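Colleague: Coordinates in upload-v8.cif, mmCIF, C-alpha atoms and all ligand atoms, are listed below.
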```cif
data_coords
loop_
_atom_site.label_atom_id
_atom_site.label_comp_id
_atom_site.auth_asym_id
_atom_site.auth_seq_id
_atom_site.Cartn_x
_atom_site.Cartn_y
_atom_site.Cartn_z
CA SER A 2 -54.83 -130.43 -37.93
CA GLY A 3 -55.73 -129.94 -41.57
CA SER A 4 -59.30 -128.60 -41.05
CA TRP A 5 -60.95 -125.75 -39.21
CA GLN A 6 -63.76 -128.19 -38.52
CA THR A 7 -61.49 -130.10 -36.12
CA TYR A 8 -61.14 -127.06 -34.03
CA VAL A 9 -64.88 -126.81 -33.71
CA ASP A 10 -65.30 -130.48 -32.95
CA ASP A 11 -62.38 -130.93 -30.60
CA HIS A 12 -62.15 -127.49 -28.88
CA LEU A 13 -65.71 -126.07 -28.93
CA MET A 14 -68.21 -128.93 -29.09
CA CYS A 15 -66.49 -131.46 -26.78
CA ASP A 16 -67.66 -132.55 -23.36
CA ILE A 17 -67.10 -129.67 -20.98
CA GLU A 18 -64.75 -130.79 -18.17
CA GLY A 19 -66.20 -134.29 -18.20
CA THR A 20 -69.64 -133.05 -16.97
CA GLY A 21 -71.44 -134.54 -20.00
CA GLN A 22 -72.60 -131.02 -20.95
CA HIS A 23 -71.86 -129.30 -24.27
CA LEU A 24 -72.30 -126.03 -26.05
CA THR A 25 -75.43 -125.99 -28.17
CA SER A 26 -73.52 -124.81 -31.21
CA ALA A 27 -70.27 -123.13 -32.24
CA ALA A 28 -68.46 -121.64 -35.18
CA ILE A 29 -65.23 -120.04 -36.35
CA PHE A 30 -65.50 -117.09 -38.81
CA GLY A 31 -62.92 -115.05 -40.52
CA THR A 32 -62.96 -111.33 -39.72
CA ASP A 33 -64.38 -110.87 -43.25
CA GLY A 34 -67.46 -112.92 -42.25
CA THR A 35 -66.54 -116.14 -44.12
CA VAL A 36 -67.42 -119.39 -42.30
CA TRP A 37 -64.28 -121.37 -41.61
CA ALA A 38 -66.20 -124.02 -39.68
CA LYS A 39 -69.48 -124.42 -37.85
CA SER A 40 -71.28 -127.13 -35.98
CA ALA A 41 -74.26 -128.60 -37.76
CA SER A 42 -76.37 -127.17 -34.96
CA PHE A 43 -75.24 -123.59 -35.60
CA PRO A 44 -78.18 -121.32 -36.51
CA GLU A 45 -79.07 -120.00 -39.91
CA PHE A 46 -77.13 -116.71 -39.43
CA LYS A 47 -77.50 -113.73 -41.82
CA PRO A 48 -74.64 -111.57 -43.09
CA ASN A 49 -75.89 -108.42 -41.37
CA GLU A 50 -75.74 -110.25 -38.06
CA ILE A 51 -72.09 -111.19 -38.53
CA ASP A 52 -71.27 -107.69 -39.78
CA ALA A 53 -72.87 -106.17 -36.63
CA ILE A 54 -70.55 -108.31 -34.49
CA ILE A 55 -67.49 -107.33 -36.57
CA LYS A 56 -68.50 -103.68 -36.00
CA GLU A 57 -68.90 -104.25 -32.27
CA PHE A 58 -65.38 -105.62 -31.96
CA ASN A 59 -64.07 -102.47 -33.79
CA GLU A 60 -66.07 -100.19 -31.56
CA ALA A 61 -67.81 -101.49 -28.51
CA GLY A 62 -71.29 -100.18 -27.64
CA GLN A 63 -72.83 -100.22 -31.14
CA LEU A 64 -75.06 -103.26 -30.61
CA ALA A 65 -76.74 -101.72 -27.59
CA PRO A 66 -79.78 -100.02 -29.17
CA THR A 67 -80.83 -103.09 -31.12
CA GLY A 68 -79.41 -106.21 -29.44
CA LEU A 69 -77.23 -108.97 -30.73
CA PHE A 70 -79.15 -110.92 -33.37
CA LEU A 71 -78.11 -114.37 -34.59
CA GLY A 72 -80.32 -116.52 -36.71
CA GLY A 73 -83.10 -113.94 -36.14
CA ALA A 74 -82.98 -114.55 -32.35
CA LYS A 75 -82.33 -111.56 -30.14
CA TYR A 76 -79.73 -111.74 -27.35
CA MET A 77 -79.32 -108.90 -24.86
CA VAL A 78 -75.72 -107.74 -24.67
CA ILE A 79 -74.04 -108.46 -21.33
CA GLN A 80 -70.69 -107.42 -20.00
CA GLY A 81 -67.81 -108.18 -22.37
CA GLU A 82 -64.27 -106.92 -23.04
CA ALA A 83 -63.98 -104.21 -25.66
CA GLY A 84 -62.25 -105.37 -28.78
CA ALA A 85 -61.84 -108.90 -27.49
CA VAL A 86 -65.03 -110.58 -26.17
CA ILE A 87 -68.73 -109.99 -26.89
CA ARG A 88 -71.35 -111.75 -24.79
CA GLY A 89 -75.17 -111.94 -24.91
CA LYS A 90 -78.01 -113.55 -23.01
CA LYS A 91 -81.38 -114.97 -23.96
CA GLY A 92 -83.14 -116.53 -20.99
CA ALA A 93 -81.07 -119.37 -19.53
CA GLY A 94 -78.92 -119.45 -22.65
CA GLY A 95 -76.55 -117.10 -24.39
CA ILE A 96 -73.67 -116.47 -26.73
CA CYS A 97 -69.97 -115.68 -26.39
CA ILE A 98 -67.68 -114.50 -29.12
CA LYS A 99 -63.88 -114.06 -28.92
CA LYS A 100 -61.88 -112.06 -31.43
CA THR A 101 -58.44 -113.19 -32.64
CA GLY A 102 -56.18 -111.52 -35.15
CA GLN A 103 -57.84 -113.14 -38.11
CA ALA A 104 -60.97 -114.86 -36.78
CA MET A 105 -63.94 -114.80 -34.45
CA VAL A 106 -64.76 -117.82 -32.23
CA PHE A 107 -68.49 -118.28 -31.47
CA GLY A 108 -70.15 -120.39 -28.80
CA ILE A 109 -73.86 -120.67 -28.02
CA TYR A 110 -75.11 -122.31 -24.81
CA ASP A 111 -78.37 -123.28 -23.13
CA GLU A 112 -79.43 -124.69 -19.79
CA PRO A 113 -77.87 -126.22 -17.78
CA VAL A 114 -74.58 -124.78 -19.10
CA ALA A 115 -73.42 -121.64 -17.29
CA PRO A 116 -72.37 -118.43 -18.96
CA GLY A 117 -68.84 -118.80 -17.53
CA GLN A 118 -68.50 -122.24 -19.09
CA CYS A 119 -69.20 -120.83 -22.54
CA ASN A 120 -66.69 -118.09 -21.86
CA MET A 121 -64.03 -120.67 -20.83
CA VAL A 122 -64.44 -122.75 -23.89
CA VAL A 123 -64.46 -119.90 -26.42
CA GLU A 124 -61.78 -117.84 -24.80
CA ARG A 125 -59.41 -120.76 -24.40
CA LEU A 126 -59.61 -121.56 -28.12
CA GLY A 127 -59.19 -117.91 -29.06
CA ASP A 128 -56.15 -117.55 -26.86
CA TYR A 129 -54.63 -120.66 -28.44
CA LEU A 130 -55.23 -119.23 -31.88
CA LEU A 131 -53.67 -115.92 -30.85
CA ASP A 132 -50.57 -117.83 -29.62
CA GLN A 133 -50.43 -119.45 -33.04
CA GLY A 134 -50.48 -116.06 -34.78
CA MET A 135 -54.16 -116.29 -35.88
NA NA B 201 -80.57 -125.93 -37.83
#
```
I need this file expressed as structure tokens, please.
Modeller:
Amino acid sequence: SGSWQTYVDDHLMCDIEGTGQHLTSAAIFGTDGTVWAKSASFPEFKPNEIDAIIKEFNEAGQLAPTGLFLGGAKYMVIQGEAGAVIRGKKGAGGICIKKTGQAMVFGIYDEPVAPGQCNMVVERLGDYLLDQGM
């Protein structure tokens, strides 16, 4: 593929396991905070929000006093994997973020999608990118 957008469209925003369900939105960022690609549905994120997530991957536990904010919306942090995966919840929806060597893979989900389905989708792409040296 010649576009980071294809990764979003064909690995993050596609029909999950043929259930007809999809992530709400998704994105791929560089570790500097540059947007490589995002779905049109992805929220109007702010640079401090992305920087907070970059910080959390470098040292887990830093989001805790405030929450995970994205597009001004507050997610409560839920169990992740230090340095590798950050997860948050907001009602029946949530967010999952997987770190690679050079990028961060974001997925946002809502009812009826389950938290573990978001994790599957995001983590599988991230692991692919890691196997490709990214
Ligand atoms: Na919008």
Colleague: What does the list of residues within 7 Å of ligand NA 201 (chain B) look like if you count all atoms listed in the file, written as a list in words?
Modeller: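 Going residue by residue within 7 Å of ligand NA 201 (chain B), we get residues 41, 42, 43, 44 and 45 of chain A.
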Colleague: If you measure from CA of residue 107 (chain A) to CA of residue 28 (chain A), what distance in Å do you get, rounded to one decimal?
Modeller: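 Value for the CA of residue 107 (chain A)-CA of residue 28 (chain A) distance: 5.0 Å.
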Colleague: Find the spatial neighbours of residue 86 (chain A), counting only C-alpha atoms, within a cut-off of 12 Å - ignore same-chain residues fewer than 5 positions away - and output them as a PyMOL selection string.
Modeller: chain A and resi 54-55+57-61+78-81+96-101+105-108+119-121+123-125+127-128
Colleague: Give me, as a list in words, all polymer residues having an atom no more than 12 Å from residue 8 (chain A), counting all atoms listed in the file and skipping those fewer than 2 positions away in the same chain.
Modeller: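 Non-adjacent residues within range: residues 2, 3, 4, 5, 6, 10, 11, 12, 13, 14, 15, 27, 28, 29, 30, 37, 38, 39, 40, 106, 107, 122, 123, 125, 126, 127, 129 and 130 of chain A.
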Colleague: Nearest to residue 48 (chain A): which of A:65, A:109, A:71, A:24 is it, counting all atoms listed in the file?
Modeller: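 The answer is A:71, which sits nearest to residue 48 (chain A).
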